[PDB]
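Participant:
Put into structure tokens, the structure is as follows:
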């Protein structure tokens, strides 16, 4: 089997992407944030504290003839941005782009933090990291991909995120028309439960490539590109007037600037992030200070190849017995 679904930016900045997902019988379609940095599929629901729901579409398990309470199971998750959610668990039928999994754990939120409430466009998350990170207790549950894998034509999914435009998540096949040149594959460590890999270096604009190992994670659920302070300083040094602002919480730059590109290495290959992808717009409405899309990972404890990086590539998440990651230009 295969599946193919369009993913759409939630706003004009590509702060996140949502993908329609069918849950239950009859189908209830929710728009979920596919997150290769976590491993829980959780949704706003009829069980979510009423004051914490503001415009989201909810899953109502009592209206699904295939929903079953997973007795005794609870979940609770906290994300890198400080947001969180928790609740109980149903199993139900879940379909993405024509690919169906029966008996998928659907984690129903009883509580969500304010950042989730405040984002009316995201109805929940669909985790695509390794199932070892799944938070369900006392019996850990599998991700949608893990459950689908044996049925797929090939044990892979791909992320093709757009810049200010829709893109695609495919399951079970590689669309050879969706990228240019060849796909370069690189080793993955699953030791921390992430799609963790090592970039071979970087360049800023038209500058020379610096060969250096940068260990980080491919994370579709993180907006920005978080890299070591040395690398980030070298980037922003090429933008007149750019500075790190403790009050704002990162590097800012004059909105009048033209940003240089940023290149990262994948083996001997190179992915070029155009300068415009690094512009996250005014820090507040009407400001001429703009927020940068490349930020320091210092004090995160891990480097993160988030959407800024991934949307410059066609990315293969290869879930074969020894997982790997592939990157192509597009």
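In the deposited numbering, the protein residues as written are 1 to 330.
Yeah, the Cβ is synthetic: ideal placement off N, Cα and C, and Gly gets one too.
Would you decide whether residue 294 is buried or exposed? Buried here means 16 or more other CB atoms lie within 10 Å of its CB.
Facilitator: Result: buried.
Participant: Excluding the five sequence neighbours on either side, which residues of its own chain have a C-beta within less than 7 Å of the C-beta of residue 51, listed in chain order?
Facilitator: Same-chain partners within the cutoff: there are none.
Participant: Measuring alpha carbon to alpha carbon, tell me which residue in 67, 90, 38 is nearest residue 77.
Facilitator: The candidate whose alpha carbon is nearest that of residue 77 is 38.
Participant: For residue 175, which option in 8, 218, 316 has the closest C-alpha, if you only look at C-alpha atoms?
Facilitator: Of the candidates 8, 218, 316, the one whose C-alpha sits nearest the C-alpha of residue 175 is 316.
Participant: Within this structure, are the beta carbons of residue 232 and residue 291 separated by less than 7 Å?
Facilitator: For residue 232 and residue 291, no; Cβs fall outside 7 Å.
Participant: Using the beta-carbon count (16 or more within 10 Å), is residue 40 buried or exposed?
Facilitator: So residue 40 counts as buried.
Participant: Kindly indicate which three-state DSSP category residue 303 falls into: helix, strand or coil?
Facilitator: In this structure, residue 303 counts as strand in the three-state DSSP scheme.
Participant: Under a Cβ-count criterion, where at least 16 other Cβ atoms within 10 Å of its own Cβ denotes burial, should residue 161 be classed as buried or exposed?
Facilitator: Classification for residue 161: buried.
Participant: Ends of the alpha helix (DSSP H) at residue 15?
Facilitator: From DSSP, residue 15 is part of no alpha helix (DSSP H); its letter is neither H nor E.
Participant: Cutting at 7 Å between CB atoms, please list the residues of its own chain near residue 85, excluding the five before and the five after it.
Facilitator: The answer, listed in chain order, is 42, 77, 109, 111, 112, 113, 116.
Participant: For the putative contact between residue 199 and residue 157, defined by C-beta atoms under 8 Å, what is the C-beta separation to the nearest angstrom?
Facilitator: Wrong, their Cβ atoms sit about 21 Å apart, outside the cutoff.
Participant: Please confirm whether residue 185 and residue 311 have their CB atoms less than 7 Å apart.
Facilitator: It is not a contact, given that the beta carbons lie outside the stated cut-off.
Participant: Using only the alpha-carbon positions, how far apart do residue 18 and residue 323 sit?
Facilitator: Computed Cα separation, rounded: 25 Å.
Participant: Just curious, the alpha helix (DSSP H) that residue 231 is in, first and last residue?
Facilitator: Residues 229–236.
Participant: If you count every other CB in all the chains shown that lies within 10 Å of the CB of residue 192, and 16 or more means buried, which is it?
Facilitator: By the 10 Å Cβ count, residue 192 comes out exposed.
Participant: Using 10 angstroms around the beta-carbon of residue 286, count the other beta-carbons present and answer buried if the total reaches 16, otherwise exposed.
Facilitator: Exposed, because fewer than 16 other Cβ atoms sit within 10 Å of the Cβ of residue 286.
Participant: What is the residue span of the alpha helix (DSSP H) that residue 146 lies within?
Facilitator: Residue 146 -> alpha helix (DSSP H) spans 144–148.
Participant: Report the option in 107, 214, 96, 269 whose CA atom is closest to the CA atom of residue 296.
Facilitator: It is 214 whose Cα lies nearest to the Cα of residue 296.
Participant: For the alpha helix (DSSP H) holding residue 116, just list the boundary residues, first then last.
Facilitator: Per DSSP, residue 116 belongs to the alpha helix (DSSP H) from 114–117.
Participant: Could you pull out every residue in the same chain whose Cβ sits closer than 6 Å to the Cβ of residue 223, ignoring the five residues on either side in sequence?
Facilitator: If we look at residue 223 and ignore the five residues flanking it on each side, its Cβ neighbours are 15, 306, 307.
Participant: Let me check understanding here. Comparing Cα to Cα, which of 276, 237, 225, 146 lies closest to residue 128?
Facilitator: Comparing Cα-Cα distances from residue 128 to each of 276, 237, 225, 146, the minimum goes to 146.
Participant: Give the DSSP-derived three-state secondary structure of residue 45 in the structure shown.
Facilitator: Reduced to three states, the DSSP call for residue 45 is strand.
Participant: Restricting to runs no shorter than 4 residues, where is the alpha helix (DSSP H) found entirely within the stretch 207–281?
Facilitator: For the stretch 207–281, whole alpha helix (DSSP H) runs of length 4 or above, ordered along the chain, are 229–236.
Participant: For residue 206, which residues of its own chain have a beta-carbon under 6 Å away from its beta-carbon, when the five flanking residues on both sides are left out?
Facilitator: Hits under 6 Å: none found.
Participant: What's the gap between the Cα of residue 178 and the Cα of residue 169?
Facilitator: Distance between the alpha carbons of residue 178 and residue 169 is about 11 Å.
Participant: Just to confirm the assignment, what range does the beta strand (DSSP E) spanning residue 291 have?
Facilitator: Unbroken beta strand (DSSP E) run through residue 291: 289–292.
Participant: Give me whichever residues DSSP pairs with residue 170 in a beta bridge.
Facilitator: 4, 158, per the DSSP bridge assignment.
Participant: Quick check: the Cα distance between residue 221 and residue 309, rounded to an integer number of angstroms?
Facilitator: Answer to the nearest angstrom: the Cα atoms are 12 Å apart.
Participant: Grab the span of the beta strand (DSSP E) containing residue 318 for me, first residue to last.
Facilitator: 314–318 is the extent of the beta strand (DSSP E) around residue 318.
Participant: Between residue 261 and the rest of its own chain, which residues show a CB-CB distance below 7 Å, the 5 nearest in sequence each way excluded?
Facilitator: For residue 261, where only same-chain residues beyond five positions count, the Cβ hits under 7 Å are 205, 272, 273, 274, 275.
Participant: Could you give the C-beta distance for residue 36 and residue 219, rounded to a whole number, given that I count them as a contact under 8 Å?
Facilitator: That pair is a contact at about 6 Å.
Participant: Got a sec, what are the start and stop residues for the beta strand (DSSP E) residue 75 sits in?
Facilitator: Start and end: 68–78.
Participant: Can you give the Cα-Cα distance for residue 13 and residue 280, rounded to whole angstroms?
Facilitator: Approximately 6 Å between the Cα atoms of the pair.
Participant: According to the neighbour-count rule (16 or more other Cβ atoms, all chains shown, within 10 Å of its Cβ), is residue 64 buried or exposed?
Facilitator: That one is buried.
Participant: Would you decide whether residue 107 is buried or exposed? Buried here means 16 or more other CB atoms lie within 10 Å of its CB.
Facilitator: Per the 10 Å Cβ criterion, buried.
Participant: Does the beta-carbon distance from residue 121 to residue 300 come in below 7 Å?
Facilitator: No. Outside cutoff.
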